[PDB]
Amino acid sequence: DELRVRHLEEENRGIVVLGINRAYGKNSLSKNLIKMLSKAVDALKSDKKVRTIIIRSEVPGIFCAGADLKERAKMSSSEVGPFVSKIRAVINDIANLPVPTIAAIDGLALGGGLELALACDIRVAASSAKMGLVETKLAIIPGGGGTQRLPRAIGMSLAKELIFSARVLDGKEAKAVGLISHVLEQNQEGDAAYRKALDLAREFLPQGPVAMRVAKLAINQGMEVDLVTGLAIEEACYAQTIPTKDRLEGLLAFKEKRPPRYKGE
């Protein structure tokens, strides 16, 4: 129960929420939480109905504090490398989820915590939330992919400044450097970011499921190769939409001037 997987219903049908529930250990990335997060992600990776995934915390004021420093203290040096690589690998699995992913940051997101959010496609946070990669202050470096993703998200100059200074930014500041896409004033219940994430996710729902997946594929893979190859990849992804019923439905709904009803095929 430290990791809750909720498959929403009603107007939110198609939306899945991964909630970290370890208020006792500040939602830190323990061997067990990593184990379940990995199982959840692996299961979702091949889930039919899923149209959008939101990753958030069910603990007020905290998203994910990162590495379980208690455990790290007990860990012998020979065990540190392998464990941190396990974390790096699960976060990369999140980055490769087939559908749109949104991280709802309503609390502290440090180290692995921010790196996890960096693995999502879009980040939204409260203006009061705190985030940063403070690893160099501990004489280590971001090991969950941060040295790689932060720079690709906000440019090397800003990424280096944040990693070199181990600075902690608030929502407003994170928004200013583009670390996040939407900043929200926190509400009484403390789920303002989550609320924004749910709305954004509902804004994704009506789109063609196959098109959304191949679009994410084209963008993610396209950005890893040169432009010419990226264009060929786009062609291949576009080809996946051509023989779908949905594409036809899109046209039919247009002829009948009615809203499309996509099935994901």
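Note that residue numbering follows the sequence shown and begins at 1.
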Report the stretch with the higher mean CA temperature factor, choosing between 192 to 200 and 34 to 42 on the basis of the entry.
34 to 42
If you take the mean CA temperature factor per stretch, which one wins between 70 to 78 and 112 to 120?
70 to 78
Split into thirds by Cα B-factor across the chain's modelled residues, where does residue 51 land: lowest, middle or highest?
middle
Once the chain's modelled residues are ordered by C-alpha B factor and cut into thirds, is residue 148 in the lowest, middle or highest one?
lowest
Pull the Cα B-factor of residue 187 out of the PDB entry and bin it into the chain's lowest, middle or highest third.
highest
Can you tell me which third, lowest, middle or highest, the CA B-factor of residue 235 falls into for its chain?
lowest
Would the CA B-factor of residue 12 place it in the lowest, middle or highest third of its chain?
highest
